[PDB]
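Quick setup: one chain, the form deposited in one PDB entry, written in structure tokens, and binding and motion questions come after.
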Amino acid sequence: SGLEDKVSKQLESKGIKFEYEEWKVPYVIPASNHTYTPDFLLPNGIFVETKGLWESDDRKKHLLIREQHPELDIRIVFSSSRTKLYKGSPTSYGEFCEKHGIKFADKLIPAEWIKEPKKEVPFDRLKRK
């Protein structure tokens, strides 16, 4: 960058030796705690997240919850599941869900989901509003 060049030129002009980008320093970013509030909870225990724009951190969040709370049934209703992950991506929101086992639909909750037999929700692992 202009600054790196100026600093390098200065050190050389004064005859100071130096190593440039020669050493890496390892570090760990600590794990962090968060909470996610799905939009709707149906009587049969299915949670439904309505979603327009679906950002990367949001997608990672769903994968984390699936690994951390396998018993939760969290599905997504998209304004459009055909939307691509980003400006030039080949993958759609829907394809991402298919790849990771996330049940999804577009615009409205499918009649079939509402009809699914009730199942237990581990509310003990959850926090009420």
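For every residue, the number given is its place in the sequence shown, counted from 1. Rigid core: the largest C-alpha set superposing within 1.5 Å between the two forms. Shifts are known only where both forms have a C-alpha.
Visitor: Taking the mean of the C-alpha B-factors per stretch from the entry, tell me the winner out of 3-11 and 119-127.
Guide: Higher mean C-alpha B-factor: 119-127.
Visitor: On mean Cα temperature factor in this entry, is 22-30 or 84-92 the higher one?
Guide: Of 84-92 and 22-30, the stretch with the higher C-alpha B-factor average is 84-92.
Visitor: Quick check for you: using the entry's CA B-factors within this chain, is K103 in the lowest, middle or highest third?
Guide: Ranked within chain, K103 CA B lands in the middle tercile.
Visitor: Divide the modelled residues of the chain into thirds by Cα B-factor and specify which third, lowest, middle or highest, holds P70.
Guide: Tercile = highest for this residue's CA B-factor.
Visitor: Sorting the chain's CA B-factors, does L53 end up in the lowest, middle or highest third?
Guide: CA B-factor rank for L53: highest third.
Visitor: Can you tell me whether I109 has a C-alpha B-factor in the lowest, middle or highest third compared with the other modelled residues of the same chain?
Guide: Tercile = lowest for this residue's CA B-factor.
Separately, the form deposited in another entry exists; it is not shown, and the next lines address it.
Visitor: Using a superposition on the rigid core, decide whether the Cα position of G15 changes by 2 angstroms or more between the shown form and the other one.
Guide: The answer is yes; the displacement is at least 2 Å.
Visitor: Superpose the two forms on the rigid core, then report in sequence order the stretches of at least three consecutive residues whose Cα positions each move 2 Å or more between the shown form and the other one.
Guide: Three-plus residue run displaced between the shown form and the other one: 2-27, uniquely.
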